[PDB]
16 protein chains.
Amino acid sequence: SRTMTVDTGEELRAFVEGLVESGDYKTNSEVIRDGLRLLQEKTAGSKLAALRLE
Amino acid sequence: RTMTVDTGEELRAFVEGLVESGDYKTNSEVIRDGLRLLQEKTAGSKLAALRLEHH
Amino acid sequence: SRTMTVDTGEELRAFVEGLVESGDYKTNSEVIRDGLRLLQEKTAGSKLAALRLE
Amino acid sequence: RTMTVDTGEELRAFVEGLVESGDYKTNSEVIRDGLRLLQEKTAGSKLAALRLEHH
Amino acid sequence: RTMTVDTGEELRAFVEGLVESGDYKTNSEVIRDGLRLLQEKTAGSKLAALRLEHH
Amino acid sequence: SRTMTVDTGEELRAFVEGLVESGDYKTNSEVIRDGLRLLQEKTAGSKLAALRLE
Amino acid sequence: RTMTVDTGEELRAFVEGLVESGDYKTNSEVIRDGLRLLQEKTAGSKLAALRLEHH
Amino acid sequence: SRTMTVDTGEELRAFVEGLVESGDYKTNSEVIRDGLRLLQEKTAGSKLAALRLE
Amino acid sequence: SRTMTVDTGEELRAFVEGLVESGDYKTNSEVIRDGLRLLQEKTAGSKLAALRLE
Amino acid sequence: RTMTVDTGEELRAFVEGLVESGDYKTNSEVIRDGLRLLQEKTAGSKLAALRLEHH
Amino acid sequence: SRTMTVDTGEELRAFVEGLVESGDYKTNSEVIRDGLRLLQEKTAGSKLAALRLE
Amino acid sequence: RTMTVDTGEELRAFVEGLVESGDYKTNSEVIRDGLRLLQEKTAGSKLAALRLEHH
Amino acid sequence: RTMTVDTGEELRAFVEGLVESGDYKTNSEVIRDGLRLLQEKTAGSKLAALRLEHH
Amino acid sequence: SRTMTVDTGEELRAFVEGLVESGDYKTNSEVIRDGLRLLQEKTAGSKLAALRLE
Amino acid sequence: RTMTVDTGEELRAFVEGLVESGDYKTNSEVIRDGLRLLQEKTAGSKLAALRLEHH
Amino acid sequence: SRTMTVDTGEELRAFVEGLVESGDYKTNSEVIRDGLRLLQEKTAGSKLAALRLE
């Protein structure tokens, strides 16, 4: 699918809504996808170091 | 405290892969890990610093 | 306003459409905003170094 | 080769500020500068490298 | 998949402080975040590399 | 108190028990405390950057 | 706001190659990109800092 | 050929003429060539990373 | 065996007992093992650089 | 000024290996080298800095 | 004045003439001025560190 | 092995200042120091590397 | 395995200061710590690498 | 005084005598003083960080 | 302003090799280049900084 | 041979004699050899980068 319902917490929601209020982002979804890319890149690196050594 | 988000199918696949690995328990835990990363990057950035020295 | 029409070039459009095809981004607009944030952060740094020295 | 993009008002203000400074000639030049940055960041990233070693 | 751990009172205070902040949901989420950090540090270390080249 | 019961997951438990098996650590608890110190130091840094700017 | 510059043939070839690639629209855009780089390098340098503390 | 006419803008011309006034450079052309070398080196790096991975 | 008696010095003992008092560590032994891991990692690196060049 | 410590067998093997190499004279010298490293890491850390600015 | 006669050596002259042959530079003088700026920036840094500490 | 070079007055002032300091003996020694720096920067650069892999 | 060394008075003062601090037990332990540093610096250096590729 | 008798160990003596044999150093004493300067600089740094924070 | 120095044969070979390369004119120029490096390293070091804050 | 007579300059001699006065060095010759090792290591690196690429 394309939609996901997530338990964020009140503080992290306040953070997301702040990034949207600033105007650097358009929707809460754009903030969440930006965060996912950060974790994805971090995860990819470690997995790259694993395939390389091997 | 629930949020509904448009991930698309590739980033949902990525999230469900990390949960599948077992280092995370729920999809929500993956999302919060990513937002903690984004909060730290935001607070550390030069833009946040430039925006505070308009005091 | 909120909409802007830009001359991109065929190659850079191909780049944008590739990032969307990968799924890491949803619309061409999300790609353009991500790029703007990079330049914005870069610009902010240099301006921060100017106010600091002064 | 034209594209229509939803910037929002703050990032349009930012672009028009850079053109106003004179280091850039058109709004389009600002957008292309940002996409060149994003292309370089993409090509250099660890994700692009991990994605190529599935050959 | 439950584990019982001796934290002492200061590191329990630290964990409960992070949950209190709201960036985490459960004490368990804090522990798993720390173990993910430790796993990444272990895999990246020079000791793990030296230990693999006894193949 | 001093004792805490945590939901780890089978994979992360396998990781802890591997570090103990190696001998670099004595108990599962020593592994968990080492991990907490890493996150604690990481958290302290960001909080230090906040008090400093202010 | 036009300037006439002696590039030589190799650096003209380089510029026209970058325009040919499509990441740039005009020769002028390439020149301005390079001058933006040079301005940033100048402002960041230790010489610019040493020259300001003769105030 | 060897000569090129470029639209610089009033501010970037002021920048070039400032570097010449300082004496670190002799002609506007020397400033422009120095800038080109910076972009050229930057471009070469990324292209080197492309041939290397491949 | 598993137990070792070591001449530490009064100052370094005061250091160990301070890390325990802080609560980040449980026993003097946990402090000593943490220190050993640091030296062990440092030693491993140099030995890795030796096998690699060779 | 003597301390009795539970090393386990692997870290005792490591210590006795370093003494065996000859760069160290006694097991105690290895332990003190490690504690000097830990003291330097502690003093340099961000936690020690954050803990001092509660003055 | 503006002109200086310098004892370079045959090898360093060969180096200068190579940078000119490549086309990245126009005259031997442009190469020498580029080198002077490098040493000048290096010298400025150390002198900046001296005024700062004081 | 002599070369005649157009320095301009500011970079001649800089050279004669370094000789005046005493860390250098002749103007020529300053010029050679700068060219050694430029040779090292050239050999180390990414352009020199990209230019060699057209073999 | 004893060596007699000319330290001069300032570096003897430095050594005896470190022993006085208590992080070291004997003057000899200070000397060996310094030689371990020098051995690591030597093995890691570019000179040691250049000298090995004359094989 | 100026002379010190130290227990080095056979391996570290072999190291010192190797650095002398290479010719980069003249006497065993020059090797020992070079090592002391390394530890001295390392010690000074940490002590500098202590006076600075305070 | 002349100094007589005990180099040993290997470091004399090294100096004469650099002069032979042509990047330097005299043995003295090599010695001064090395002393300029040592002066910069000394001024930049943490020891020089610690020694000044006893004012 | 083993002895070399060098034109240093009054300022660089003052520098050498200062390092000797501090006590970190014993003779002017020890200072000169320390400086040579710095340049030697710097030279070796660049030559290593040349053999490696080739």
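Per the deposited record, X-ray crystallography is how this structure was determined, to a resolution of 2.61 Å.

A. Summary view of the overall build of chain B. For chain B, the helix and strand inventory stands at three helices and one strand. Starting at the N terminus, the α and β elements of chain B follow one another as β-α-α-α. Scaling as 2.2 N^0.38, a compact globule of 55 residues should have a C-alpha radius of gyration of about 10 Å, whereas chain B reaches 15 Å, well beyond that. The principal-axis extent of the C-alpha atoms belonging to chain B is close to 45 × 25 × 20 Å. Counting the 55 residues in chain B, one finds 51% classified as buried. Within the structure as shown, chain B displays about 2700 Å² of accessible surface, and the carbon and sulfur contribution to it stands at 52%. Taking the average location of the 8 positive side-chain charges in chain B and that of its 10 negative ones, the two points are 9 Å from each other.

B. View of the overall build of chain A. Assigned secondary structure in chain A consists of two helices and one strand. Walking chain A from its N terminus toward its C terminus, one meets helices and strands in the order β-α-α. In terms of overall size, chain A is more extended than a compact globule, its C-alpha atoms giving a radius of gyration of 15 Å where 54 residues would be expected to give roughly 10 Å. Taking the principal axes of its C-alpha atoms as reference, chain A extends roughly 45 × 25 × 20 Å. Within the span of chain A, comprising 54 residues, buried residues form 48% of the whole. Between the averaged position of the 8 positive side-chain charges in chain A and that of its 10 negative side-chain charges there is a distance of 9 Å.

C. Quick look at the pattern of salt bridges. This structure, assessed with the given rule, holds 104 salt bridges over all chains. Note that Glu17 of chain K is salt-bridged to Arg13 of chain K, the shortest N-O span being 2.6 Å. Placement of both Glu17 of chain K and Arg13 of chain K in helix α1 (residues 10-22) is noted, with a separation of four residues, approximately one turn of the helix. According to the relative accessible area criterion, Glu17 of chain K is partly exposed, its value standing at 37%. Of the charged contacts, one joins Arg37 of chain K and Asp34 of chain K as a salt bridge, the two residues approaching to 3.0 Å between their closest N and O atoms. A residue pair is termed a helical-turn pair when its members lie 3 or 4 positions apart in one helix, as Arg37 of chain K and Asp34 of chain K do in helix α2 (residues 28-53) at three residues. Comparing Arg37 of chain K with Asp34 of chain K shows no difference in burial state: the two are buried. Overlapping salt bridges bring together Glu29, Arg32, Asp33 and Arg36 of chain B together with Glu29, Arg32, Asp33 and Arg36 of chain E as one network.

D. The arrangement of the relation of the copies chain N and chain P in detail. When chain N is fitted onto chain P, the two copies agree to an RMSD of 0.0 Å after a turn of 180° and an axial shift of 0.0 Å. In the structure described here, the two chain copies are related by an operation that fits a two-fold rotation axis. Proximity to the rotation axis, assessed at the C-alpha, singles out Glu30 of chain N in chain N; its C-alpha lies 3.8 Å from the axis. In this assembly the copies share their binding face: 100% of the residues contributing to the interface of chain N also contribute to that of chain P.

E. Representation of the packing of helix α2 (residues 27-44) of chain L against helix α2 (residues 27-44) of chain O in the model. The geometry of α2 of chain L relative to α2 of chain O is characterised by a closest axis approach of 12 Å and an angle of 65° between their N-to-C directions. Crossing of α2 of chain L against α2 of chain O: the hand is right-handed. Two secondary-structure elements touch here, α2 of chain L through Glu29, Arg32, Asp33 and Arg36 of chain L and α2 of chain O through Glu29, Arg32, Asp33 and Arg36 of chain O. Broken down by class, the residue content of the contact of α2 of chain L with α2 of chain O amounts to no nonpolar, no polar and eight charged.

F. Here's a closer look at the arrangement of the chains. A gap remains between chain F and chain G, with no contact made and the closest C-alpha atoms lying 21 Å from each other. Spatially, chain A is disjoint from chain J: no contact exists, and the shortest C-alpha separation is 23 Å.

G. Highlighting the interface of chain A and chain B. The partner chain B presents 30 residues to the 32 residues of chain A that form the contact. Buried area between chain A and chain B, both sides added, is near 3400 Å², and the carbon and sulfur share of it is 65%. When the buried area of chain A at its contact with chain B is split by residue, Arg2, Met4 and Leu39 of chain A rank highest and sum to 21% of it. Our count for the contact surface shared by chain A and chain B stands at two salt bridges. Across the salt bridge formed by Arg2 of chain A and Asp6 of chain B, the nearest N and O atoms sit 2.9 Å from each other. Where chain A meets chain B, there are twelve residue pairs in polar contact. Of all the elements in the fold, those that place two or more residues in the side of chain A that touches chain B are β1 (3-7), α1 (10-22) and α2 (28-53) of chain A. Sorting elements by how many residues they give to the side of chain A that touches chain B places α2 of chain A first, with 14 residues. Partitioned by chemical class, the residues of the side of chain A that touches chain B number twelve nonpolar, eleven polar and nine charged. In this sheet, strand β1 (residues 2-6) of chain B lies alongside β1 of chain A in antiparallel orientation, the contact comprising five bridges. Across the sheet, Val6 of chain A pairs through a bridge with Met3 of chain B, a residue of β1 of chain B.

H. Main features of the interface of chain N and chain P. The interface is formed by nine residues belonging to chain N together with nine residues belonging to chain P. Taken together, the two surfaces of chain N and chain P that pack against each other cover about 890 Å², and 32% of this comes from carbon and sulfur. Between chain N and chain P we count four salt bridges in total. Put simply, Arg37 of chain P and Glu30 of chain N hold a salt bridge, and the shortest N to O gap is 3.1 Å. Linking chain N with chain P are eight residue pairs in polar contact, by the criterion used here. Considered class by class, the residues forming the side of chain N that touches chain P number one nonpolar, one polar and seven charged.

I. Seen up close, the environment of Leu38 of chain A. With respect to the helices and strands, the residue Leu38 of chain A is situated in helix α2. Residue class for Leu38 of chain A comes out partly exposed when judged on its relative accessible area of 22%. Residues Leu38 of chain A and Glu54 of chain A, spaced 16 residues apart in sequence, show a C-alpha to C-alpha distance of 25 Å. Excluding residues within four positions of it along the chain, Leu38 of chain A makes contact with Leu37, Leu38 and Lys41 of chain B.

J. Here's a closer look at helix α2 (residues 27-44) of chain E. Between its first and last C-alpha atoms α2 of chain E spans 26 Å; for 18 residues at 1.5 Å apiece the expected length is 26 Å, and the two agree. Taken as a whole, α2 of chain E has its buried residues at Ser28, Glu29, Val30, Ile31, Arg32, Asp33, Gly34, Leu35, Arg36, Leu37 and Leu38 of chain E. In this structure, the buried side of α2 of chain E is in contact with α2 (27-44) of chain B, α1 (8-21) of chain E together with β1 (3-7), α1 (10-22) and α2 (28-53) of chain F.

Reading the values: the criteria
- Residues numbered from 1 in each chain as written, not as in the entry; some residues may be left out.
- Chains lettered and ligands numbered in written order.
- Heavy atoms only, no water.
- Helix = DSSP H or I, 4+ residues; strand = E, 2+ residues; numbered from the N terminus.
- Rg over C-alpha atoms; globule rule 2.2 N^0.38 Å.
- Buried < 20%, exposed > 50% of the residue type's maximum accessible area, 1.4 Å probe, protein only.
- Areas by Shrake-Rupley, 256 points an atom, 1.4 Å probe, with all protein chains shown as cover.
- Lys, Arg positive; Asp, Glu negative; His and termini not counted.
- Charge placed at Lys NZ, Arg CZ, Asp CG, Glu CD.
- Salt bridge = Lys/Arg side-chain N within 4 Å of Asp/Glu carboxyl O.
- Least-squares fit on C-alpha atoms.
- Contact = heavy atoms within 4.5 Å.
- Axes fitted to C-alpha atoms, helices over the stretch in contact; angles between N-to-C directions.
- Left-handed = near helix turned anticlockwise from the far one by under 90°.
- Nonpolar A, V, L, I, M, F, W, Y, C, P; charged D, E, K, R; others polar.
- Buried area = accessible area lost by both parts, 1.4 Å probe.
- Polar contact = N/O pair within 3.5 Å; in protein donor to acceptor, adjacent residues only side chain to side chain.
- Pairing = 2+ DSSP bridges.
- Expected span 1.5 Å × (residues − 1).

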